[PDB]
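What follows is one structure encoded as structure tokens, with my remarks underneath.
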Amino acid sequence: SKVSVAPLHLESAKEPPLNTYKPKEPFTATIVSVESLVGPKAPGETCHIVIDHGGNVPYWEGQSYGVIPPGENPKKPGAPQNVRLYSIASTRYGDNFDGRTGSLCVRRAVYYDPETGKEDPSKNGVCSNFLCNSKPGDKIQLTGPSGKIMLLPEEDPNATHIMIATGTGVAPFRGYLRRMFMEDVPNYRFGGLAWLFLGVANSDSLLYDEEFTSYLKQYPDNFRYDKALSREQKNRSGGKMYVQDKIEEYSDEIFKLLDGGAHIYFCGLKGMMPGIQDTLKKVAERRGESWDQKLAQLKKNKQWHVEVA
Ligand SMILES: Cc1cc2nc3c(=O)[nH]c(=O)nc-3n(C[C@H](O)[C@H](O)[C@H](O)COP(=O)(O)OP(=O)(O)OC[C@H]3O[C@@H](n4cnc5c(N)ncnc54)[C@H](O)[C@@H]3O)c2cc1C
Ligand SMILES: NC(=O)c1cccnc1
Ligand SMILES: [Mg+2]
């Protein structure tokens, strides 16, 4: 039924690891695999990178790894490159179920001249292309792990978790959902509701869709999954279908779940948040509620979890 994971001593630590490796002495990890997650119509490549850390850089679900790309710091001669953070997309056991690997979900940052569409190697994103250009056996300078905002609250195994992602913001939720549904973790038997909302540009830009869809058939009473394909669908007002439009489609259900104590999570590019806030204010107003009052309450109750950049 559930997949055996090892070693179960990874459940014993009472606190998440933080800054085990630091930039001046990173951990030299080894690439296991790199693959594209997306199809030909996707605006850009997003890749799935599996990294062998040998058990030397454990983490909890929701944390980030740092990666120091090669080369000198362009603004600090003689110095290494600045760390880039990546949300870990794997559980603490990893994609090999052995506690030795972790995975990243990385969008290639590529520069196009806004008029001609021409390229320029010196303007592409350094660390994202480094990662998606990697091959098995390549070495990676790893730092961290870091972050606590997106730790999964496990005190109540029957909690409700409403997960709102755009693009690579799905990464921590892939980790959450594997821990909730896929892996045999005897000390955490999830029996609540986990509701994943994912916005991407088009069907070819979907990330891990087969995995999430499988949870609908395995855990129909504990998982829901809704997608917004912005260039392929339009909202009720003529706009491109964004994730906030999908929340709006379920406004009454979601607001009732929040009032009942649900956690809600937001992850991805910071550009996703203004439209979400606009939708939530409009929804609140139609219900005769104040979104300001409601958000202040959610934050005070520690139901509101945002990590965007
Ligand atoms: C907590 C956290 C978690 C994150 N999680 C993820 C994740 O899971 N996945 C993910 O893909 N990203 C994630 N990010 C973003 C990630 O950390 C990087 O910032 C991103 O990958 C870009 O880094 P880079 O080294 O590729 O680009 P950089 O080399 O830092 O360049 C940044 C941008 O500037 C552009 N640029 C460079 N030079 C020029 C120029 N001369 N003219 C115009 N433009 C230029 C680049 O093309 C790029 O878009 C996260 C960020 C944070 C803070
Ligand atoms: N955790 C983050 O801030 C994040 C994740 C994915 C993409 N961009 C930022
Ligand atoms: Mg696909």
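Both backbone and side-chain heavy atoms feed into the values below; hydrogens, waters and symmetry mates do not. Sequence positions, counted from 1, serve as the residue numbers for this chain.
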Query raised in the report: Between the side chain of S214 and the main-chain N/O of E211, is any donor-acceptor distance below 3.5 Å?
Result: yes
Query raised in the report: Salt bridge check: are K282 and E248 linked by an N-O gap of less than 4.0 Å?
Result: yes
Report summary line: So the side chain to side chain donor-acceptor pair (under 3.5 Å) pairs with at least one residue in residues 166-176 (sequence neighbours excluded) are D95-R174
Query raised in the report: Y112: which other cluster members, linking ILVMFWY side chains closer than 4.5 Å, directly or transitively?
Result: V110
**Report entry** ILVMFWY cluster, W195 and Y265 together (side-chain gap under 4.5 Å)
**Finding:** no
Query raised in the report: Is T101 reaching over with its side chain to a backbone N or O of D52, donor-acceptor style, under 3.5 angstrom?
Result: no
Query raised in the report: Counting distance only, does the side-chain N/O of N129 pair as donor-acceptor with the main-chain N or O of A109 below 3.5 Å?
Result: yes
**Report entry** Derivation and outcome, side-chain hydrogen bond (donor to acceptor under 3.5 Å, both in side chains), residues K139 and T30
**Finding:** CA-CA 5 Å; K139 303 310 188 191; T30 304; 3.0 Å; yes
Query raised in the report: Do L229 and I247 share a hydrophobic cluster (ILVMFWY, side-chain heavy atoms under 4.5 Å, transitive)?
Result: no
Query - Which residues share a ring-ring contact (aromatic ring centres under 6.0 Å, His included) with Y215, sequence neighbours left out - result: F181, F223
Report summary line: Smallest heavy-atom separation, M150 atom then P172 atom, equals CE-CG, 4.3 Å
Report task. Could you tell me whether the side chain of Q141 and the main chain of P70 form a donor-acceptor pair under 3.5 Å? Result -> no
Query raised in the report: Short question: side chain of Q303, backbone of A262 - any donor-acceptor pair under 3.5 Å?
Result: yes
Requested in this report: Only counting residues at least two apart or in another chain, list the ones meeting ring-ring contact (aromatic ring centres under 6.0 Å, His included) with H263.
Outcome: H161, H305
Requested in this report: Starting from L85, walk the hydrophobic network (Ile, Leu, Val, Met, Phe, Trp, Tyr; side-chain heavy atoms closer than 4.5 Å) and list everyone else you reach, by chain and number.
Outcome: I68, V83
Query - Residues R179, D184: salt bridge by 4.0 Å N-O rule - result: no
Query raised in the report: Applying the 4.5 Å side-chain criterion to the ILVMFWY set and letting contacts propagate, would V170 and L216 be lumped into a single cluster?
Result: yes
Query - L193 and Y219, any side-chain heavy atoms less than 4.5 Å apart - result: no
Report task. Report the residues that fulfil salt bridge (charged side-chain N to carboxylate O under 4.0 Å, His left out) with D98, sequence neighbours left out, ordered by chain and then residue number. Result -> none
Query raised in the report: Where do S122 and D120 land on the side-chain hydrogen bond (donor to acceptor under 3.5 Å, both in side chains) test, with the steps shown first?
Result: CA-CA 5 Å; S122 79; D120 182 340; 2.8 Å; yes
Query - Shortest non-hydrogen contact from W291 toward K281 - result: CB-CA, 3.6 Å
Requested in this report: For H53, enumerate each residue passing the ring-ring contact (aromatic ring centres under 6.0 Å, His included) test, keeping only those at least two apart in sequence or located in another chain.
Outcome: none
Query - Residue list, side-chain contact (heavy atoms from CB on, under 4.5 Å) with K76, at least two apart or on another chain - result: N73, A79
Query raised in the report: Does the distance from a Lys or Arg side-chain N to an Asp or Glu carboxylate O, for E183 and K2, drop under 4.0 Å?
Result: no
Report task. Scan residues 252-271 for pairs that pass salt bridge (charged side-chain N to carboxylate O under 4.0 Å, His left out), counting only residues two or more places apart or in two chains. Result -> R224-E253, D252-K256, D252-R287, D259-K294
Requested in this report: Please confirm whether the backbone N or O of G239 pairs with a side-chain atom of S237, one donor and one acceptor, at under 3.5 Å?
Outcome: no
Query - Side chain proximity check, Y208 to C105, heavy atoms < 4.5 angstrom - result: yes
Query raised in the report: Is it true that a side-chain atom of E119 and a backbone atom of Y111 form a donor plus acceptor pair closer than 3.5 Å?
Result: no
Report summary line: All heavy atoms of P157 vs all of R189, minimum pair found to be CB-O, 3.5 Å
Query raised in the report: Do you know which two heavy atoms are closest between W60 and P17, and how far apart they sit?
Result: CD1-CD, 3.8 Å
Report summary line: Besides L142, the hydrophobic cluster formed by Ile, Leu, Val, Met, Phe, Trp and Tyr side chains linked at under 4.5 Å, directly or via other members, contains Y21, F27, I31, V34, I49, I51, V57, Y59, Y65, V67, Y86, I88, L104, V106, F130, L131, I140
Query raised in the report: Is a side-chain donor or acceptor of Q63 paired with a backbone partner of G147 at a separation under 3.5 angstrom?
Result: yes
Report task. Would you indicate whether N187, at its atom CG, is surrounded by more than 12 heavy atoms from other residues, nucleotides or ligands within a distance under 6.0 Å? Result -> yes
Query raised in the report: What residues, two or more places apart in sequence or in another chain, satisfy salt bridge (charged side-chain N to carboxylate O under 4.0 Å, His left out) together with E285?
Result: none
Query - Joint cluster assignment, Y250 & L196, ILVMFWY side-chain distance < 4.5 Å - result: no
Query raised in the report: Can any side-chain N or O of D138 pair as donor or acceptor with the backbone N or O of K135 at less than 3.5 Å?
Result: yes
Query raised in the report: What about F190 and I264, same hydrophobic cluster or not, with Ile/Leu/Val/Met/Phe/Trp/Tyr joined at side-chain heavy-atom distances under 4.5 Å?
Result: no
For residues 40-47, tabulate all N or O donor-acceptor pairs below 3.5 Å that involve a side-chain atom, not counting sequence neighbours.
{"from": "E45", "atom 1": "OE1", "to": "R108", "atom 2": "NE", "distance (Å)": "2.4"}
{"from": "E45", "atom 1": "OE1", "to": "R108", "atom 2": "NH2", "distance (Å)": "2.8"}

